[PDB]
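Here is the structure we will look at.
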Amino acid sequence: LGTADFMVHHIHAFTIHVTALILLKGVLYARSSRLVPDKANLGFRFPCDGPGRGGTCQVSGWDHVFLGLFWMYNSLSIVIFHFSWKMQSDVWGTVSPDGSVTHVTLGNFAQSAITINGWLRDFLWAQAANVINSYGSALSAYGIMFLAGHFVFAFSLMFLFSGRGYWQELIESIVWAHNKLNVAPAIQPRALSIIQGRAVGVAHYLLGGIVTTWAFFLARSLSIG
Amino acid sequence: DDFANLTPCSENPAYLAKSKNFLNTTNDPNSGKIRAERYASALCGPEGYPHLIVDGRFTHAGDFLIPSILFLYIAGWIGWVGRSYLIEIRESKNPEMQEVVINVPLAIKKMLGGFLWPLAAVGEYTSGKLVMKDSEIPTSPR
Amino acid sequence: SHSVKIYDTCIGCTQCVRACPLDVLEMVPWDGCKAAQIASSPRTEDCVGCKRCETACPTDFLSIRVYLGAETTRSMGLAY
Amino acid sequence: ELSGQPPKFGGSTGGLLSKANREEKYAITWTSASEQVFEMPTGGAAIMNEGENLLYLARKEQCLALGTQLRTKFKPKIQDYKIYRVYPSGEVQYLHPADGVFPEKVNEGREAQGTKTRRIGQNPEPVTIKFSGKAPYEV
Amino acid sequence: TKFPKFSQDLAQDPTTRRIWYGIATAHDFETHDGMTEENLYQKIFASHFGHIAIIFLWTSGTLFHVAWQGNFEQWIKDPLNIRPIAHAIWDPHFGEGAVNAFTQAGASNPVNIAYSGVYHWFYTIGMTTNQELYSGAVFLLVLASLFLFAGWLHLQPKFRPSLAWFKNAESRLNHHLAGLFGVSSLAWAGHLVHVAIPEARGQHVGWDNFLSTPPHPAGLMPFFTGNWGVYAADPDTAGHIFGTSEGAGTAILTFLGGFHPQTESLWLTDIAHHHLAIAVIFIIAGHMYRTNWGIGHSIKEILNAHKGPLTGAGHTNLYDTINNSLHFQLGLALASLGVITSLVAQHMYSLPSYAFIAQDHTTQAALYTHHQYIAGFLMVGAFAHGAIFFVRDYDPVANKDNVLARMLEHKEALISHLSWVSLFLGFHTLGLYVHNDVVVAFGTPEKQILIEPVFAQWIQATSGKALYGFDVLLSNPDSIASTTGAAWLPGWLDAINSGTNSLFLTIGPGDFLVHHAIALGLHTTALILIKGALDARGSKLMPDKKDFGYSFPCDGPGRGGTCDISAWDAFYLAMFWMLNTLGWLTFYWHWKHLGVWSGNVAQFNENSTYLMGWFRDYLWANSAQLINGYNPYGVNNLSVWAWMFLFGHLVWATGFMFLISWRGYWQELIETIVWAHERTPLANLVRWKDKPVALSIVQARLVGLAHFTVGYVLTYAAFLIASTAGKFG
Amino acid sequence: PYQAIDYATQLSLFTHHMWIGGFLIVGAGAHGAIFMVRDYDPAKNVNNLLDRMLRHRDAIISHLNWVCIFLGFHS
Ligand code: CLA
Ligand code: CLA
Ligand code: CLA
Ligand code: CLA
Ligand code: CLA
Ligand SMILES: CC1=C(/C=C/C(C)=C/C=C/C(C)=C\C=C\C=C(C)\C=C\C=C(C)\C=C\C2=C[C@H](C)[C@H](O)CC2(C)C)C(C)(C)C[C@@H](O)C1
Ligand SMILES: CC1=C(/C=C/C(C)=C/C=C/C(C)=C/C=C/C=C(C)/C=C/C=C(C)/C=C/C2=C(C)CCCC2(C)C)C(C)(C)CCC1
Ligand SMILES: CC1=C(C/C=C(\C)CCC[C@H](C)CCC[C@H](C)CCCC(C)C)C(=O)c2ccccc2C1=O
Ligand code: SF4
Ligand code: SF4
């Protein structure tokens, strides 16, 4: 353990305390708060108390969990990246019959993992050569999946960055179109609720990110031993 | 003399070199040979891969036109049977209920009577039931 | 402060008054509806614009509308 | 001034701040027939006395939330709660209920203010009242 | 509180929202307290004077810094090897490694390298010594001073223009068409003839001797007699060396066509006849509208006359609508400016004008990307301000039955058919891309669906490209259009039929796929903007949206929830799609041109048909030089670009806090922080003046979008510059 | 046996069970908030540990927010 390990362990501490902050604030302030004094009557899962008081979006405990999911993802991603790079750089490798050890990444962790540029070039770029070049071999299913992971992530941003009023109006126009041809459904379509929109966004986001990381790790570790 | 930069794969050295190693998609051991002999009749680029022509010429009609009609018939079938089922289920005192619980007998009855969809649609348009007047449709404020 | 207006489509259903958490609305006698009562907003200086009153209104669109304007300490719901 | 006998509470950090003694605070008074437990809108639970009780809060919404809790969350209901606004100069303004009758029910002597005589769809067009400093509802 | 003086609602706010919303609504004069039409117009006029002065100051500063700390007088002696210098570097925080790395371009101090291509522009218009650059900078300073004083003066009470002077459309159109366009272009043609061309032919002409030497040996005699063909005789030969007299002609106005053999740019005499003819056309156009002499057309009569039997009222009363509304005019201007900016990019990357600018690939890439991004921004702004017009200025009774008010009659059909076309493009384009990706992944790339872009190849053939063997129109040497003896035909056909230039680059299947993807992006962004503009007045969910203004947060959680319902939200959504479409466009352009410059066109021709090729051969492959700008082993001149790359990757991510997390959480947190500050001994002595609050919802969306856009732009700018400079520069 | 020699299995098992743990902890927070909203009753929690938690929560959140800012900044 050295300087880089020190910094990464304290980064872990930071991310964990932040996730605990979000979840603990969600639990403690669920009943009520200074902003909303009767939050308990609105239930656990409600989107907002309205644009009043300057805006009361995401005050329920459910929204606190929704926000904590991202921070859990961030913390665990940093943890698994730390594990992977440190193991590849200082532990895993091969042994010569003399007794010397040759590590997978030649011990570059102790000097590159101290900057963000190191984590970009020497880890995300260098170790992705095994997954991007997987086409045409038995590892192609990972490469595909890798790209698939990079897609769904972006897809989720349609739901996190927007609101249901725009989609309701667009559905109104499309319903007019289906009405002109006498093909409108009896079950009137509606845009997803605010809570449902947040849930869909977080679910597709987590799925995309985790699938990306899984494909990356599997394709990398099936090419070194 | 169109496509002076394109040559048939049968006379393309890149395709001739690269077609000996075509993989087998199924367990059939000759599928690579079948693929090679079928793709020898197309127009290939300098990379030895077939290219398609969709300008409307009938010599390359199999490139787009035949699959075009093949798709169109099926899509029209699906749309027409869906619309017919919805229309017939509307006046059932619970059309919303029968949209989540499918009426299988009527659904299959509409499935079968759906191959003649183009003639039915043409007849319906001439009968005025395919479209509705703009004064009979909900509209949003301007 | 926010402005709360009640139009002539109110049916005197009193839902808006009960839904209001900051006691801005009131029921006053009227004649244009069967219930012979209508909604009034005498204390709009205490309205925070939470839109619960509109959410409770059962008439087509809204017989009660809330327009958000100048923000004061009361209308922003500040405790500090 | 006002009555007293505060409810038995251990205090909390969710109570009043500087604004209370610089801008305004709020008071709620009520008479309960038993010495029981209620939920403080500022976090925690407090015991309210048998007899008259007075409680100071920082927002009118908190006072009305406590009033709702008193009215609904007790088998012997409470209907005599009063909410005043306490100014930093000691001037006390009696806020709720305004006339003593609950606003949810019709009663004589009210003025019927804030009412438009037209539908929401008959509001004047924004362009016609341009450069008047008024939105369509304001006229 | 005094600030903001122009609004009283914001001035009585005790929180920090007062400052934010005072900054936000400062330059929206139409809603200030007690604002009249006359005062609004006069303030706009003065502010426009201000922007013009700022532009002139910016140009003067560019010129001055280039002349002071540049290497122009050495760049001219070897434009093909020396790197242009933008400005010097004075960073006290620099170390020795950065100092040694950034002492580039043969300088003696840390220095930047210009990628705006101003050296080529200055060389092409005849500036050969930095004293001329200095004189231009000082003259621009004086011009900016004059414009600032003009704004100040026309703001004075007795020089304050009237309202009718601001609503004289005919006179403004006449003066600005004939004078601002025609006369200015005529003067530019005169500058090119009298100065630029003689300097290109190795003759030094300045203010000291331009009044003596005539541009042509026969001055002004043939022009008045009618012997114009004299000026087109003896043009520059193909062996002409730019800046010297070796193999140079004496003609000044020619239609040579094609490109200069050496500089690979358009002939300057072609520029002269082009701008002169354009000036003549504009001067004829400027005498169209009557002002006060009876002769001329009146716009109101034209619009009211062109009524249609199918449109009910045609273009009736549109004159009053456009003249009374400022947002209508701003939308029209923004749309036109965006269209012609995209046109500028497209017609400049393929038809370079400045000398040796085609060789310098990094500057060409930067210019294309820059002006294309600006065009996208302007196109978004056009629709945004049109929606603002619909909210504020549109009158449903004055425009009754005209074309404008008839859009709202069939707006549902517009939005529905546009959504259908967007879905139809997206489904099948993504299907084809994913099909190619999967097919290549399974090791059988011969099963890709590869459509030849037949129609665009046919267009290239019509313009005279003989590679594809269509022999149609100019490619057909027997058609009438190719046998007219047009003077430009030989040179133009010579230029188009050589692969050495970007003029009508050869296209293939990947080009087809990416053009159809760009079409998807365009139609989708247009769908968002049009839906927002047409729904600005109201919809089924909010029939009275006009009474709420243009930018309001929501209508609360009632009626099923109404987040992001204002037209401002439509703008905020469409900005993302604009950014994504521009990303696709610029990625395509950059990859194709990297292949062209390196000569390895086969790489793009092969790997642009599936998305893994884009991910690997473009993103992964070219990033190698960039991210190694600084290493554990050292640092090179690309260090700043790597730092800015990471800076963009950071700001882009930072925008997601405001884009994802919403207000109530932060308000509760701020309440806790306020409690903490109020109870801390030695910290209660210092207390705030404006009560801290969380950012408002609309402010949150705007701030998140701003961080997002800044990161998006900076990341790609750094990547593009670094990759192209390391590979070639 | 033969697990540490199989690097892919080591990495996969580590990451998999850590993701499972993270999801479980987030669910703990969620269903604790659910309890607090639904099953909590003030009458049964007079001056107990839960009440005193609910009564100095501003101190908890403020000090935790400060430690989060400090850790983020310095780290
Ligand atoms: C001949 C007389 C004349 C002239 C020269 C002008 C000139 C001008 N008027 Mg104007 N005006 C006139 C008469 C005239 N006016 C009259 C009679 C009236 C009353 C009816 C007005 C009323 C009026 C108003 C109300 C306003 C103006 C404004 C302006 C300025 C617009 C700013 C601008 O973009 O210009 C620069 C534009 C160009 C140089 C040309 C546009 C460029 C086009 C798109 C082509 C691109 C060129 C080329 C392709 C690119 C070059 C590349 C190069 C850099 C390498 C401009 C200086 C505005 C202002 O505020 O100015 C202070 C304004 O608000 N005018
Ligand atoms: C000719 C150009 C032009 C002009 C004169 C106007 C004029 C106006 N616009 Mg408009 N607009 C334009 C172009 C233009 N627009 C374009 C191109 C767009 C598309 C993006 C828009 C989008 C737009 C919207 C969405 C809105 C307006 C509004 C307005 C009105 C004033 C309010 C305002 O924006 O000021 C205030 C402006 C700001 C606070 C902008 C500050 C943001 C800064 C400039 C970004 C800086 C980022 C960062 C610091 C960069 C640092 C980099 C570093 C870290 C490396 C006014 C009528 C508003 C309105 O409705 O008025 C009624 C409104 O809501 N405009
Ligand atoms: C990669 C991300 C992504 C994708 C794929 C889309 C896709 C779409 N957006 Mg979109 N959007 C995004 C990001 C994205 N968006 C972001 C970040 C924003 C900013 C907030 C927006 C803002 C936005 C607006 C404002 C609008 C859209 C619209 C659209 C639709 C237009 C049709 C189209 O372009 O292609 C066609 C559609 C696709 C290619 C998507 C379908 C992809 C799947 C694979 C098809 C098959 C379904 C699949 C089999 C289901 C399996 C599920 C099962 C496994 C559980 C489409 C659904 C517009 C719309 O509604 O059009 C009508 C519209 O108005 N979006
Ligand atoms: C890269 C993106 C990014 C960044 C930097 C942050 C940063 C932050 N988030 Mg955030 N967040 C993000 C994305 C991001 N978030 C996303 C995508 C979401 C969606 C789920 C959230 C959701 C979220 C929640 C729900 C919460 C946070 C919280 C926090 C804060 C944690 C305290 C901290 O780290 O110390 C402070 C910040 C930093 C150390 C950032 C680095 C700043 C640099 C290193 C220092 C700059 C030096 C100096 C300023 C230079 C001056 C230059 C001069 C010109 C002025 C911090 C402000 C928590 C909070 O409120 O704080 C406790 C919290 O509760 N965020
Ligand atoms: C022992 C584990 C456990 C148990 C028994 C429960 C039990 C319950 N939870 Mg809980 N929860 C858990 C773990 C658990 N949870 C965890 C780990 C989290 C953190 C994410 C949550 C977060 C959570 C929330 C936020 C909520 C509940 C709610 C509920 C209640 C029922 C409603 C519900 O979620 O069902 C219905 C569940 C679903 C419909 C989920 C199906 C959709 C999932 C997300 C898709 C998963 C896809 C999969 C991972 C991959 C597929 C890929 C695709 C391509 C096929 C019930 C008391 C709800 C409540 O308030 O009830 C009182 C509620 O709002 N829980
Ligand atoms: C009947 C039916 C329905 C309804 C259908 C309706 C109402 C349809 C209405 C259509 C309208 C109003 C308009 C349609 C316009 C169609 C156009 C403009 C077609 C253009 C075709 C072109 C340009 C052909 C182009 C080339 C043609 C040729 C094959 C070349 O090689 C390739 C290529 C692409 C160049 C549904 C939807 C209800 C259900 C369906 O199942 C059936
Ligand atoms: C809503 C609104 C708005 C907005 C909108 C927009 C802004 C639009 C745009 C639009 C656009 C932006 C459009 C464009 C168009 C274009 C065009 C129309 C073009 C054309 C072209 C042509 C026609 C060409 C031709 C040719 C060729 C091809 C070749 C040869 C030559 C020639 C030239 C012949 C406004 C503000 C206005 C107003 C109010 C309302
Ligand atoms: C796109 C979008 C919509 C529109 C999306 C809608 C209406 C959902 C449409 C879903 C379709 C009908 C089905 C797709 C999902 C199914 C689970 C797929 C099942 C596949 C099997 C049958 C194989 C919202 O309603 C919304 C609401 C709040 C915030 C953001 C958004 C948002 O971004
Ligand atoms: S809820 Fe609506 S209808 Fe009922 S009393 Fe109030 S304003 Fe009238
Ligand atoms: S934007 Fe949505 S979540 Fe926020 S206050 Fe409005 S309705 Fe509620």
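Chain C uses Swiss-Prot numbers throughout; the residues present, in order, are 2-81.
Including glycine, each Cβ sits where the backbone N, Cα and C put it.
Swiss-Prot lists C:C48, C:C51, C:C54 as binding [4Fe-4S] cluster 2, and of C:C14, C:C21 the one it places in that same site is C:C21. Same-chain neighbours of the domain '4Fe-4S ferredoxin-type 2' (C:39-68): 2-14, 16-31, 33, 75-78, counting only residues six or more beyond its ends whose CB sits under 8 Å from a CB of the stretch.
Listed in sequence order, C:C48, C:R53, C:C54 are the same-chain residues at least 6 apart in sequence whose CB falls under 8 Å from the CB of C:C21 ([4Fe-4S] cluster 2 binding site). Broken down with DSSP, the domain '4Fe-4S ferredoxin-type 1' (C:2-31) shows 5 helix, 8 strand, 17 coil. If you take the Cα of C:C58 ([4Fe-4S] cluster 1 binding site) and the Cα of C:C51 ([4Fe-4S] cluster 2 binding site), they are about 14 angstrom apart, rounded to a whole number.
In the three-state DSSP scheme, C:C54 ([4Fe-4S] cluster 2 binding site) falls into the helix class. Reported as a whole number, the C-alpha separation between C:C11 ([4Fe-4S] cluster 1 binding site) and C:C51 ([4Fe-4S] cluster 2 binding site) equals 20 Å. Of all the binding-site residues listed (C:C48, C:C54), C:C54 sits in the most crowded Cβ setting, with the most other Cβ atoms within 10 Å. Note on C:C11 ([4Fe-4S] cluster 1 binding site): other Cβ atoms within 10 Å of its Cβ, all shown chains, come to 23. Comparing the binding-site residues C:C14, C:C51 by how many other C-beta atoms lie within 10 angstroms of each C-beta, the top residue is C:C51.
Note: the CA-CA distance between C:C14 ([4Fe-4S] cluster 1 binding site) and C:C51 ([4Fe-4S] cluster 2 binding site) rounds to 20 Å. Those residues of the chain, other than C:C11, C:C14, C:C17, C:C58, with a C-beta within 8 angstroms of the mean position of the [4Fe-4S] cluster 1 site C-beta atoms are C:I7, C:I12, C:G13, C:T15, C:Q16, C:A40, C:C54, C:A57, C:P59, C:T60, C:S64, C:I65.
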